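What follows is a single structure, written as structure tokens, with notes after it.
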Amino acid sequence: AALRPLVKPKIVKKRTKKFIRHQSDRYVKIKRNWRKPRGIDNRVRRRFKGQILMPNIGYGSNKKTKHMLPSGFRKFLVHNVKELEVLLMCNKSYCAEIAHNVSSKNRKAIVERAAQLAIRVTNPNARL
Amino acid sequence: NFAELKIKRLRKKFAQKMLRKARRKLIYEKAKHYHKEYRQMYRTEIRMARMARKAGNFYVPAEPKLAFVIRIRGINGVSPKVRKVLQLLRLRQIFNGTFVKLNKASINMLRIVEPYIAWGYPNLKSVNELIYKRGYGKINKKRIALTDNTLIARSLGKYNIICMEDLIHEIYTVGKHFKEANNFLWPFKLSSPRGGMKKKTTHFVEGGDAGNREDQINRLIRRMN
Amino acid sequence: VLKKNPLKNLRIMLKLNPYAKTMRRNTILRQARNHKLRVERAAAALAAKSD
Amino acid sequence: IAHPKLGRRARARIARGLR
Amino acid sequence: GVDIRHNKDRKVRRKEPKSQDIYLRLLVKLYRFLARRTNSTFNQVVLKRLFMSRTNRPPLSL
Amino acid sequence: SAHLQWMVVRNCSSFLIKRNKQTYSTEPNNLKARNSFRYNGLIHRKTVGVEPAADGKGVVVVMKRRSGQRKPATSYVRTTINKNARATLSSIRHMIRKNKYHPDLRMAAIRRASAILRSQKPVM
Amino acid sequence: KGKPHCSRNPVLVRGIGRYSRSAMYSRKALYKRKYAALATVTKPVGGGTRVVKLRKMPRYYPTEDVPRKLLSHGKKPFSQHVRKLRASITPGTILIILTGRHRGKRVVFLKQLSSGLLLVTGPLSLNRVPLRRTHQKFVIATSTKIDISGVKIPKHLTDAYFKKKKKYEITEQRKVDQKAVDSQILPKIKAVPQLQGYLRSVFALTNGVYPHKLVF
RNA sequence: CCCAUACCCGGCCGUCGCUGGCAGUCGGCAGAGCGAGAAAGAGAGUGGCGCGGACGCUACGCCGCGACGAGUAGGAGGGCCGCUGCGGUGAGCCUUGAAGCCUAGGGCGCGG
RNA sequence: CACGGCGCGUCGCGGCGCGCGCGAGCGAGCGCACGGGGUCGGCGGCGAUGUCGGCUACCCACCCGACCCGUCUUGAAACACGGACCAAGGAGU
RNA sequence: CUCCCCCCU
RNA sequence: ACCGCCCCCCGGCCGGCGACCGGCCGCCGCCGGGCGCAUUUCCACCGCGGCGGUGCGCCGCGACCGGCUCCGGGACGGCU
Ligand SMILES: [Mg+2]
Ligand SMILES: [Mg+2]
Ligand SMILES: [Mg+2]
Ligand SMILES: [Mg+2]
Ligand SMILES: [Mg+2]
Ligand SMILES: [Mg+2]
Ligand SMILES: [Mg+2]
Ligand SMILES: [Mg+2]
Ligand SMILES: [Mg+2]
Ligand SMILES: [Mg+2]
Ligand SMILES: [Mg+2]
Ligand SMILES: [Mg+2]
Ligand SMILES: [Mg+2]
Ligand SMILES: [Mg+2]
Ligand SMILES: [Mg+2]
Ligand SMILES: [Mg+2]
């Protein structure tokens, strides 16, 4: 029975696959990170049929559900206890995440404070 | 205090309500009169043709004053003159339509762009359906759908057009302010012709769709809207 | 504002043009009366033929 | 009657007459 | 497909001062409100001229 | 004044934290903990704050006084309320409203107080 | 005051009246119908009296709340939806259940219920189905009918009666109601030759027969 | 009868235009409007109980309507995209484990 | 029949049109809906060591599509040139 | 917010 | 010596003290302590109780309303 957001709308994504850089499968030196091809003969650049799609602004998600976690909350990164009280009034829509550098000794305190303050934490048992 | 102010509020409210009721009655009676006028006009041609046949002569009806034009060719590869005439007629998109009043200038302008348009003489039912279903008004340089009479009344109040019935009557009879009414009317965006076309490239006379079709434009409209 | 079709929405059509109501009422009554007249005339004609 | 200015008194007349 | 040209689609006039100081921006706030909630066009002209650059606001001599 | 220092501090505050397409404000007397002209607790002459009590239970309400604007030591008055939730909220509401003291923060103060109170109640 | 009279015009078509505005002004006789111009309770306490305020303020406001919704008119709860029935379905008709546990069993239909479900039963003495509800969409209505206009079914049975509770035990009330209905239904179907065996049988599709071709 | 990224209807992203709207959060010290076919005052005046009412507004913000969106050479804008160092600031993080590296784990962003 | 009061009625052509007063332009309630964008005040099942959910990402199968990039060029998949692969460095200061 | 009449439970 | 400007003292006005107040009085609010003593006030639990908001663990179904579409069946009328 985790804490639930104020409203849980139906998140719809126009696309879920990652945008793969052209010819990144043929070579290891070509990273998967997207780069717009600029060759004069490039099929991907010229938008030929059955080729790798290019990211447009048209794929942008709607503003109402943008950046929402599947649980319905929005992420916010915290490093210590004091930053947790910032989310006191952004309670029913914004969840907290402990930064990976935080030691377990402080992590337990942060998670217990969040338990008091009724702020959801997406990684509450990250060190046990 | 405001013992008088409170009653004045509802006095103003009642005055506005009575004004609205009077306006509704006015437009209702005007619609009835327009229906009578349409019936009179429809029967007059029949009567004149009958009397001419009885006398043994012929009765040539008046040349139509109103035409409907639909663009039936794309944007790619258009001669500059044809492009300019299409821009002037406000057909910047395929399966766009508009009303044109007829004279020597309109005849020659349409003749220039015959291969790109299908035009004819619209029927009263065609005008009614086009205005009611696809009719949007050009208010403040914005395409606004006509969902209330006040939108028409503001843009054409000075010309004594105050509702859909005035707009339709003025368009169909080519009134004194037909230019203003038609310009206020945004170009119609018609769907593709259900059932298909015969042949887009060639003229209607030779079995195609381009050019002038006298009254078959109504058959075309029935499937394009 | 969502645009509804006046040709299919009776009260939208009435909002735009109140006289449409009287037109539709008159045509419905006229059609019903004409159909009744034709039916009774056909019945009388059949009776006369049987006679 | 429908004119907002000149029809005010006629509108008043019919409104009172309805009573 | 629509037969139009997008060359002059975007107008170039200034929407706000390019300057970053705060006093001029406060003046701009005040005159924005005045222009949009008053029918007088003097406020509109003054706000437009507040937006302008230095070379478009030449000094006026006594 | 107030708008002047707001323009100064809207983007160059030590209390400003901006990350994850968000922005938050940190200074003490700021209900909703967000960067805004209304809720910034250091700019305005009349400011309201709600904090948890130093003791494990209760709520401290802080009101900025009108005279010592340039005297930080004697500029805030603090009152501790330790009662039931309904009467605590009623007292805060009366203090905000019947004093005509920055009325736009009434609901924010009530919401923040309610929260602090819940936090103070033992967990399940 | 005043007894509520019925509407003066029959509905010609939905939303259009038979008589016009002037005909209504006449029929209503409006020419002679002209017209012209809590939160506290005092209680004694053993002190004195206290003005207790009912509807007291809440002791907790949530961190944030959703706004109201815009108003809409055409939406009504399921309780007062208008109920539709297929023309081919009349009391005393044989139906073929298509989706229940009783797949393809010929069943006699009795009454349309209040929520739109069909109250159906083929006497469980022969085809083994009790008084039951069935959606009108999930049944095939064949064109064979018996005459049940002269039978009485209890008025106490309804959707509240057939509503599921909470192992399911059949009640003596269920048994007696089923007996009461079938004691009248069975002789009617026994009059028609070869009908009991027809109801006992189960509908099925064999190769070479197609629903769009075969009539029922 | 079949179907294109064309046309019609709908949703969503963005751009442009309206140089559009909002400082009116005016509350027991109050009275909750400026959508309504008609340039302009819910004009001011003088004589015949229960203490109560959601969100807002980083104005470089928020909100509403329309139209539109191909692109090499090239031009411009925005990047809470990225790398290294410096002045500030986070009563920041860290041997109860930083940097770096690996991952069939959970996610965000159109993308970096 | 989107007709409905009384008057003074010429505000008038012969009555209709069409003006001036009538506490002076304030009657109220309920109810239904083809009425400024969907609701149900409607329901049914399956859930502890074998089952529920996991767009994407791991592997595999199938149908459709699909020629290797960069470059000069009117024209590149080219029987045009550079390129075995990987790491680091590398060019409008 | 006037008054009657008719029919079915 | 004269003129201009500025600082200080005194006298008289105007304005502000919301980038800058003290005392007195009045009104209101809050807090601490008594008065108050339980038909008031508060805390916790139960009901498969109701209203309102948000949602269903997963898989499904139905109903009516509206928008846009494709199609079918009837009936009426006009030039003819
Ligand atoms: Mg090329
Ligand atoms: Mg071509
Ligand atoms: Mg077809
Ligand atoms: Mg050609
Ligand atoms: Mg386009
Ligand atoms: Mg340009
Ligand atoms: Mg569209
Ligand atoms: Mg582009
Ligand atoms: Mg790997
Ligand atoms: Mg193939
Ligand atoms: Mg080369
Ligand atoms: Mg070239
Ligand atoms: Mg060679
Ligand atoms: Mg070479
Ligand atoms: Mg080589
Ligand atoms: Mg490198």
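A note on labels: chains of the structure tokens are A, B, ... as shown, every chain counts residues from 1, and ligands are counted from 1 in their shown order.
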Margin query: Using only C-alpha atoms (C1' of nucleotides) and all ligand atoms, which residues of the polymer chains come no farther than 9 Å from ligand 16? I'd like the answer as a ChimeraX atom specification.
Written below: /I:88-90
Using only N, CA and C atoms (P, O5', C5', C4', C3', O3' and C1' of nucleotides), please write the residues we just selected to a file, as a PDB file, in the first residue's frame.
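Result written to result.pdb:
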ATOM      1  P     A I  88      38.841   6.457 -26.585  1.00  0.00           P
ATOM      2  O5'   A I  88      40.134   7.383 -26.586  1.00  0.00           O
ATOM      3  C5'   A I  88      40.837   7.647 -25.383  1.00  0.00           C
ATOM      4  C4'   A I  88      42.242   8.119 -25.650  1.00  0.00           C
ATOM      5  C3'   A I  88      42.382   9.384 -26.477  1.00  0.00           C
ATOM      6  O3'   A I  88      42.177  10.566 -25.727  1.00  0.00           O
ATOM      7  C1'   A I  88      43.869   7.751 -27.294  1.00  0.00           C
ATOM      8  P     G I  89      41.449  11.830 -26.397  1.00  0.00           P
ATOM      9  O5'   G I  89      42.556  12.455 -27.355  1.00  0.00           O
ATOM     10  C5'   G I  89      43.719  13.075 -26.828  1.00  0.00           C
ATOM     11  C4'   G I  89      44.699  13.422 -27.921  1.00  0.00           C
ATOM     12  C3'   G I  89      44.185  14.362 -29.000  1.00  0.00           C
ATOM     13  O3'   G I  89      44.298  15.722 -28.628  1.00  0.00           O
ATOM     14  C1'   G I  89      45.244  12.505 -30.004  1.00  0.00           C
ATOM     15  P     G I  90      43.213  16.793 -29.123  1.00  0.00           P
ATOM     16  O5'   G I  90      43.289  16.718 -30.707  1.00  0.00           O
ATOM     17  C5'   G I  90      44.339  17.346 -31.424  1.00  0.00           C
ATOM     18  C4'   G I  90      44.156  17.147 -32.903  1.00  0.00           C
ATOM     19  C3'   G I  90      42.843  17.660 -33.469  1.00  0.00           C
ATOM     20  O3'   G I  90      42.909  19.030 -33.811  1.00  0.00           O
ATOM     21  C1'   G I  90      43.229  15.446 -34.217  1.00  0.00           C
TER      22        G I  90
END
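For chain F, the residues no farther than 12 Å from chain E when using only C-alpha atoms are residues 1, 2, 3, 4, 5, 6, 7, 8, 9 and 10 of chain F.
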Let me see the file: selected residues, N, CA and C atoms, as a PDB file, in the first residue's frame.
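Result file is selection08.pdb:
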ATOM      1  N   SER F   1      12.862  48.497  -2.383  1.00  0.00           N
ATOM      2  CA  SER F   1      11.459  48.184  -2.137  1.00  0.00           C
ATOM      3  C   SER F   1      11.260  46.685  -1.993  1.00  0.00           C
ATOM      4  N   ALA F   2      10.279  46.148  -2.714  1.00  0.00           N
ATOM      5  CA  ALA F   2      10.024  44.715  -2.752  1.00  0.00           C
ATOM      6  C   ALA F   2      10.220  44.128  -4.138  1.00  0.00           C
ATOM      7  N   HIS F   3       9.574  44.708  -5.152  1.00  0.00           N
ATOM      8  CA  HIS F   3       9.761  44.229  -6.515  1.00  0.00           C
ATOM      9  C   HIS F   3      11.205  44.375  -6.966  1.00  0.00           C
ATOM     10  N   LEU F   4      11.896  45.414  -6.501  1.00  0.00           N
ATOM     11  CA  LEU F   4      13.290  45.602  -6.883  1.00  0.00           C
ATOM     12  C   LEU F   4      14.151  44.441  -6.404  1.00  0.00           C
ATOM     13  N   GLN F   5      14.074  44.120  -5.113  1.00  0.00           N
ATOM     14  CA  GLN F   5      14.884  43.019  -4.616  1.00  0.00           C
ATOM     15  C   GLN F   5      14.393  41.686  -5.155  1.00  0.00           C
ATOM     16  N   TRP F   6      13.108  41.577  -5.494  1.00  0.00           N
ATOM     17  CA  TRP F   6      12.653  40.365  -6.162  1.00  0.00           C
ATOM     18  C   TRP F   6      13.325  40.199  -7.516  1.00  0.00           C
ATOM     19  N   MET F   7      13.424  41.281  -8.288  1.00  0.00           N
ATOM     20  CA  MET F   7      14.124  41.199  -9.564  1.00  0.00           C
ATOM     21  C   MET F   7      15.594  40.885  -9.355  1.00  0.00           C
ATOM     22  N   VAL F   8      16.168  41.379  -8.260  1.00  0.00           N
ATOM     23  CA  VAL F   8      17.564  41.067  -7.963  1.00  0.00           C
ATOM     24  C   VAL F   8      17.736  39.580  -7.681  1.00  0.00           C
ATOM     25  N   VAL F   9      16.820  38.994  -6.907  1.00  0.00           N
ATOM     26  CA  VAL F   9      17.048  37.681  -6.314  1.00  0.00           C
ATOM     27  C   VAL F   9      16.303  36.555  -7.027  1.00  0.00           C
ATOM     28  N   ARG F  10      15.531  36.855  -8.073  1.00  0.00           N
ATOM     29  CA  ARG F  10      14.729  35.820  -8.716  1.00  0.00           C
ATOM     30  C   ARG F  10      15.564  34.696  -9.309  1.00  0.00           C
TER      31      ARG F  10
END
Next item on the list: Identify all chain G residues at most 9 Å from chain H by counting only C-alpha atoms (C1' of nucleotides); ligands do not count. Present them as a PyMOL selection string.
Entry: chain G and resi 38-40+53+64-68
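Backbone DSSP over region 4-124 of chain B yields strand (DSSP E) at residues 66, 67, 68, 69, 70, 71, 96, 97, 98, 99, 100, 101, 117, 118, 119 and 120 of chain B.
Taking only C-alpha atoms (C1' of nucleotides) and all ligand atoms into account, the residues that come within 9 Å of ligand 2 are residues 73, 74, 75, 76, 77 and 78 of chain B.
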Deliver the residues from the most recent selection as a file, using N, CA, C and O atoms, as an mmCIF file, in the first residue's frame.
data_model
loop_
_atom_site.group_PDB
_atom_site.id
_atom_site.type_symbol
_atom_site.label_atom_id
_atom_site.label_comp_id
_atom_site.auth_asym_id
_atom_site.auth_seq_id
_atom_site.Cartn_x
_atom_site.Cartn_y
_atom_site.Cartn_z
ATOM 1 N N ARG B 73 -6.901 19.891 -58.559
ATOM 2 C CA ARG B 73 -5.530 19.539 -58.893
ATOM 3 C C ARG B 73 -4.607 20.026 -57.789
ATOM 4 O O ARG B 73 -4.929 20.951 -57.040
ATOM 5 N N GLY B 74 -3.447 19.391 -57.701
ATOM 6 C CA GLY B 74 -2.534 19.611 -56.603
ATOM 7 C C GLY B 74 -1.729 20.885 -56.732
ATOM 8 O O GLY B 74 -2.045 21.789 -57.508
ATOM 9 N N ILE B 75 -0.661 20.947 -55.938
ATOM 10 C CA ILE B 75 0.193 22.126 -55.871
ATOM 11 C C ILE B 75 1.401 22.014 -56.800
ATOM 12 O O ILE B 75 1.981 23.046 -57.172
ATOM 13 N N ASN B 76 1.765 20.810 -57.221
ATOM 14 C CA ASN B 76 3.017 20.597 -57.928
ATOM 15 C C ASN B 76 2.879 20.933 -59.407
ATOM 16 O O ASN B 76 1.980 20.432 -60.086
ATOM 17 N N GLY B 77 3.779 21.778 -59.902
ATOM 18 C CA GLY B 77 3.854 22.072 -61.319
ATOM 19 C C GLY B 77 2.685 22.867 -61.859
ATOM 20 O O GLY B 77 1.891 22.349 -62.647
ATOM 21 N N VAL B 78 2.566 24.125 -61.445
ATOM 22 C CA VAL B 78 1.480 24.999 -61.870
ATOM 23 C C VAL B 78 2.075 26.212 -62.566
ATOM 24 O O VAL B 78 3.032 26.813 -62.066
#
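CA of residue 193 (chain G) is found 26.2 Å from CA of residue 87 (chain G).
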Item checked: For region 19-30 of chain K: contacts at 10 Å, only C-alpha atoms (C1' of nucleotides), fewer than 6 positions along chain excluded, given as a VMD selection string -> chain F and resid 1 to 2 67 to 70 79 to 81 91 to 92 94 to 99
Would you save the residues of that selection, restricted to N, CA and C atoms, as a PDB file, in the first residue's frame?
ATOM      1  N   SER F   1      12.862  48.497  -2.383  1.00  0.00           N
ATOM      2  CA  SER F   1      11.459  48.184  -2.137  1.00  0.00           C
ATOM      3  C   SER F   1      11.260  46.685  -1.993  1.00  0.00           C
ATOM      4  N   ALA F   2      10.279  46.148  -2.714  1.00  0.00           N
ATOM      5  CA  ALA F   2      10.024  44.715  -2.752  1.00  0.00           C
ATOM      6  C   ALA F   2      10.220  44.128  -4.138  1.00  0.00           C
ATOM      7  N   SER F  67       7.585  47.404  12.082  1.00  0.00           N
ATOM      8  CA  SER F  67       8.503  48.495  12.396  1.00  0.00           C
ATOM      9  C   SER F  67       9.945  48.188  12.004  1.00  0.00           C
ATOM     10  N   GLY F  68      10.529  47.141  12.574  1.00  0.00           N
ATOM     11  CA  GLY F  68      11.941  46.879  12.376  1.00  0.00           C
ATOM     12  C   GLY F  68      12.267  46.133  11.101  1.00  0.00           C
ATOM     13  N   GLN F  69      12.102  46.794   9.955  1.00  0.00           N
ATOM     14  CA  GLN F  69      12.388  46.135   8.685  1.00  0.00           C
ATOM     15  C   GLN F  69      13.878  45.891   8.495  1.00  0.00           C
ATOM     16  N   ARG F  70      14.720  46.798   8.977  1.00  0.00           N
ATOM     17  CA  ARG F  70      16.162  46.680   8.829  1.00  0.00           C
ATOM     18  C   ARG F  70      16.836  46.129  10.078  1.00  0.00           C
ATOM     19  N   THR F  79       4.926  32.442  17.855  1.00  0.00           N
ATOM     20  CA  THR F  79       3.944  31.943  18.806  1.00  0.00           C
ATOM     21  C   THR F  79       3.799  30.442  18.621  1.00  0.00           C
ATOM     22  N   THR F  80       3.859  29.701  19.720  1.00  0.00           N
ATOM     23  CA  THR F  80       3.757  28.251  19.686  1.00  0.00           C
ATOM     24  C   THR F  80       2.337  27.832  20.034  1.00  0.00           C
ATOM     25  N   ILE F  81       1.736  27.019  19.173  1.00  0.00           N
ATOM     26  CA  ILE F  81       0.386  26.511  19.367  1.00  0.00           C
ATOM     27  C   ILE F  81       0.482  25.001  19.497  1.00  0.00           C
ATOM     28  N   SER F  91      -7.170  28.851  14.880  1.00  0.00           N
ATOM     29  CA  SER F  91      -6.367  29.960  15.381  1.00  0.00           C
ATOM     30  C   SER F  91      -5.508  30.557  14.277  1.00  0.00           C
ATOM     31  N   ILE F  92      -4.891  29.709  13.453  1.00  0.00           N
ATOM     32  CA  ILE F  92      -4.079  30.223  12.352  1.00  0.00           C
ATOM     33  C   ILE F  92      -4.948  31.001  11.370  1.00  0.00           C
ATOM     34  N   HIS F  94      -7.818  32.561  11.971  1.00  0.00           N
ATOM     35  CA  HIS F  94      -8.195  33.836  12.569  1.00  0.00           C
ATOM     36  C   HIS F  94      -7.035  34.816  12.534  1.00  0.00           C
ATOM     37  N   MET F  95      -5.829  34.341  12.851  1.00  0.00           N
ATOM     38  CA  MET F  95      -4.661  35.212  12.846  1.00  0.00           C
ATOM     39  C   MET F  95      -4.416  35.795  11.463  1.00  0.00           C
ATOM     40  N   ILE F  96      -4.550  34.975  10.423  1.00  0.00           N
ATOM     41  CA  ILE F  96      -4.306  35.468   9.072  1.00  0.00           C
ATOM     42  C   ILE F  96      -5.416  36.417   8.632  1.00  0.00           C
ATOM     43  N   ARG F  97      -6.673  36.046   8.869  1.00  0.00           N
ATOM     44  CA  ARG F  97      -7.788  36.768   8.268  1.00  0.00           C
ATOM     45  C   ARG F  97      -8.156  38.014   9.064  1.00  0.00           C
ATOM     46  N   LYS F  98      -8.484  37.847  10.346  1.00  0.00           N
ATOM     47  CA  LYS F  98      -8.997  38.966  11.123  1.00  0.00           C
ATOM     48  C   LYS F  98      -7.954  40.045  11.374  1.00  0.00           C
ATOM     49  N   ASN F  99      -6.679  39.761  11.138  1.00  0.00           N
ATOM     50  CA  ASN F  99      -5.643  40.778  11.214  1.00  0.00           C
ATOM     51  C   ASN F  99      -5.388  41.464   9.881  1.00  0.00           C
TER      52      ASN F  99
END
Item checked: Close residues, residue 73 (chain H) itself excluded, 12 Å, only C-alpha atoms (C1' of nucleotides), min 2 positions apart in chain, as a VMD selection string -> (chain A and resid 40) or (chain H and resid 71 75)
Notebook entry, point to check: Can you list, as a PyMOL selection string, every protein, DNA or RNA residue that comes within 10 Å of region 29-44 of chain H when you count only C-alpha atoms (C1' of nucleotides), leaving out same-chain residues fewer than 6 positions away?
Noted result: (chain B and resi 5-6+8-10+12+16+23+149-158+162) or (chain D and resi 3-5) or (chain F and resi 100)
Would you write out those residues with N, CA and C atoms, as a tab-separated table (two decimals), in the first residue's frame?
chain	number	residue	atom	x	y	z
B	5	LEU	N	-30.60	49.87	-6.39
B	5	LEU	CA	-29.58	49.28	-7.24
B	5	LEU	C	-29.87	47.81	-7.53
B	6	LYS	N	-30.31	47.07	-6.51
B	6	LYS	CA	-30.60	45.65	-6.70
B	6	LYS	C	-31.72	45.46	-7.72
B	8	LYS	N	-32.47	47.56	-10.02
B	8	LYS	CA	-31.99	48.03	-11.31
B	8	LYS	C	-31.20	46.95	-12.03
B	9	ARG	N	-30.47	46.13	-11.27
B	9	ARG	CA	-29.75	45.00	-11.86
B	9	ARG	C	-30.70	44.13	-12.67
B	10	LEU	N	-31.79	43.69	-12.04
B	10	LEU	CA	-32.72	42.80	-12.72
B	10	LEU	C	-33.56	43.55	-13.74
B	12	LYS	N	-32.24	45.79	-15.79
B	12	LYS	CA	-31.36	45.68	-16.94
B	12	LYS	C	-31.39	44.27	-17.52
B	16	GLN	N	-32.56	43.28	-21.34
B	16	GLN	CA	-31.74	42.50	-22.27
B	16	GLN	C	-32.48	41.25	-22.75
B	23	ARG	N	-35.24	40.01	-31.04
B	23	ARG	CA	-34.33	39.63	-32.12
B	23	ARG	C	-34.64	38.23	-32.64
B	149	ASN	N	-25.51	32.72	-33.98
B	149	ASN	CA	-25.88	33.80	-34.89
B	149	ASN	C	-25.15	35.10	-34.59
B	150	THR	N	-24.69	35.30	-33.35
B	150	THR	CA	-24.03	36.55	-33.01
B	150	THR	C	-22.71	36.72	-33.76
B	151	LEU	N	-22.03	35.62	-34.06
B	151	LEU	CA	-20.79	35.70	-34.84
B	151	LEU	C	-21.05	36.28	-36.21
B	152	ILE	N	-22.13	35.85	-36.86
B	152	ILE	CA	-22.52	36.42	-38.14
B	152	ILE	C	-22.99	37.86	-37.96
B	153	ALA	N	-23.73	38.11	-36.88
B	153	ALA	CA	-24.35	39.41	-36.69
B	153	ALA	C	-23.32	40.51	-36.50
B	154	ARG	N	-22.22	40.22	-35.80
B	154	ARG	CA	-21.20	41.24	-35.66
B	154	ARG	C	-20.44	41.50	-36.95
B	155	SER	N	-20.03	40.44	-37.64
B	155	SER	CA	-19.19	40.65	-38.82
B	155	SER	C	-19.99	41.24	-39.97
B	156	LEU	N	-21.30	41.01	-40.01
B	156	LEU	CA	-22.11	41.49	-41.13
B	156	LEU	C	-23.33	42.27	-40.67
B	157	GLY	N	-23.28	42.87	-39.47
B	157	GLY	CA	-24.42	43.63	-39.00
B	157	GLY	C	-24.68	44.88	-39.81
B	158	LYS	N	-23.61	45.56	-40.23
B	158	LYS	CA	-23.78	46.79	-41.00
B	158	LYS	C	-24.43	46.53	-42.35
B	162	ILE	N	-27.81	39.14	-40.29
B	162	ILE	CA	-27.82	38.93	-38.85
B	162	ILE	C	-27.96	37.47	-38.46
D	3	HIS	N	-34.71	46.96	-32.96
D	3	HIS	CA	-33.64	47.95	-32.86
D	3	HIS	C	-33.41	48.32	-31.40
D	4	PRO	N	-32.18	48.26	-30.90
D	4	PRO	CA	-31.94	48.53	-29.47
D	4	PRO	C	-32.34	49.92	-29.03
D	5	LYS	N	-32.24	50.93	-29.89
D	5	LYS	CA	-32.49	52.31	-29.50
D	5	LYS	C	-33.95	52.71	-29.68
F	100	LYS	N	-6.03	41.01	8.80
F	100	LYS	CA	-5.78	41.52	7.46
F	100	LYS	C	-4.29	41.42	7.11
Margin query: If the limit is 10 Å from any atom of ligand 5, counting only C-alpha atoms (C1' of nucleotides) and all ligand atoms, which residues qualify? Return them as number ranges by chain.
Written below: E: 1-2; H: 5, 68-70
Notebook entry, point to check: Residues of chain K within 12 Å of chain B, using only C-alpha atoms (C1' of nucleotides), as JSON, numbers by chain?
Noted result: {"K": [69, 70, 78, 79, 80]}
